[PDB]
Each structure stands twice: as structure tokens, then as C-alpha cells.
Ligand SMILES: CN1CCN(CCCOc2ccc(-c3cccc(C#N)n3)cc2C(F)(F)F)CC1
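Form solved without the ligand, single chain, as C-alpha cells, below.
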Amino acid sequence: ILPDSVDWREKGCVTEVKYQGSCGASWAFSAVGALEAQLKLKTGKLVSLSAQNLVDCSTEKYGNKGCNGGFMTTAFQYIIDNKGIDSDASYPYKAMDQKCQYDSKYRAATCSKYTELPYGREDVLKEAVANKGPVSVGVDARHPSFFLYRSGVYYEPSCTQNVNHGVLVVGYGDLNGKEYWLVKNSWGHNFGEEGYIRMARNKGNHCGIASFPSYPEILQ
């Protein structure tokens, strides 16, 4: 028994679409995105968290290379190890690699744990999005059709399950029988449907959307 559609934006758990620019920081926006929702759930406060904090501070120890890419899971581990992440207000995004300037005075969130979901399992991802909240995922975005996407249910026959771009699954549903994942990107408001893309669901792990899902939690 799961709901047929969910959209975590309607629950006030999704901050504004961000704009990564020419820095490969999608992993960091995916990670803060997922944690922003858990922060809202636990505290009632909706606050954008610092993607730049992760870019600058969750580096070699975490297998991450700032503007040259990273992992959402090891970004979560950084936040756990660091005992904090700064607000985006305090530590705003510059689309470049900088020296780590974390200050605990401006800590806006904490992270207690994270969970990695099994590869390709869109049924388990559906359960997680319904029962836990927005889920950080990777997709195969190396396709002109992705960059040019305007509206509708995205399907790309040449998509692979090898991911290269981090995004956030904030919901799911179906548009007249065509099932989709509701995805928040970090390419600004002029990408897709006001910064969002609806990507084909239950179509064989399309564009690797369920290849590497993960989500953080903030425990009492």
C-alpha cells in the first residue's frame, strides 16, 4: 500500500531550484536537496543548505573532486563526520573550487545516517520516495534531448544505466498512464518544467535513475 502519486514540493519540503553553472557540482546539489527535505520534516523549517560547503570541504577523504564530480553518499558521510553543514545563506554558491570555509556558527543541519538502495530497483525507490522523502540519484544526462527537454515524460532510447549527473527525485506519478519520476535538476528555472524533469518510470531503470539511489536522515 503506497500512494499512486507523491510530490514533496506540495509538502513544503523542496527548496528553490539552483543553478550549478560550469562547475560539476550536481552531486552536491543532489545531496543538500535530499537533506533539506529531512531538515524540513524534523524542524518545520525550510532552508537551502550549502552545496559550496560540500564542494570545498567534502574532498579527497570522501573520493570527491569538487567541481570535477563527487558522490552523494560520501557527501552525506562528510556531513556526519563534520557534525554539521552550513546554510547556503552563510556559505553561498560560487561555481568554483575553493578552500574549505566551514564555520560551525552557521550550521543549519546535521546528518545522523544515510541509506543506499539496491541497484535498478524502481519499486524500492518508489517505496523510499513515498515513505522516507526525496532521494538523491544519478542519471545519464549525456544526451542533447536531456539538455533540450522542455516538458512531458522524458524518454531517450539511447539512454544507458551508467550515471553521470546527480539529481533529486522529489516525487512520482503518472500522466495519462505514462509513469514518471519527478526530478529536481540544478540547471536553473529555465530548464524543463520550471527546473524539473519528469523521467520515465518502470522502463528498465531508464537513464540509470535507480542505479545509485541514496537518502540521508536526521534522527532524534
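Residue indices: 1-based, along the sequence shown.
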{"item": "Selected stretch [higher average CA B-factor]: 100 to 108 or 134 to 142", "value": "100 to 108"}
{"item": "Given 168 to 176 and 25 to 33, the range whose Cα B-factors average higher in the PDB entry", "value": "168 to 176"}
{"item": "Member of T43, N185, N53, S48 with the greatest C-alpha B factor (per the PDB record)", "value": "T43"}
{"item": "Third assignment of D81 from its chain's C-alpha B-factors", "value": "highest"}
{"item": "Within-chain third of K113 by Cα B-factor, per the entry", "value": "middle"}
{"item": "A75 - which third its CA temperature factor falls in, relative to the rest of the chain", "value": "lowest"}
{"item": "Record-listed C-alpha B factor of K11: chain third", "value": "highest"}
{"item": "Entry-reported Cα temperature factor of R201, expressed as the chain third it lands in", "value": "middle"}
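Omitted here: the form deposited with the ligand bound. The next part is about that form.
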property: Contact check for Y19, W187 and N190 against the ligand in the deposited bound form, heavy atom at 4.5 Å; result: yes
property: The ligand in the deposited bound form: contacting segment from 121 to 129, 140 to 148, 82 to 90, 99 to 107, heavy atom within 4.5 Å; result: 140 to 148
property: Contacts with the ligand in the deposited bound form, stretch 91 to 111 (heavy atom within 4.5 Å); result: none
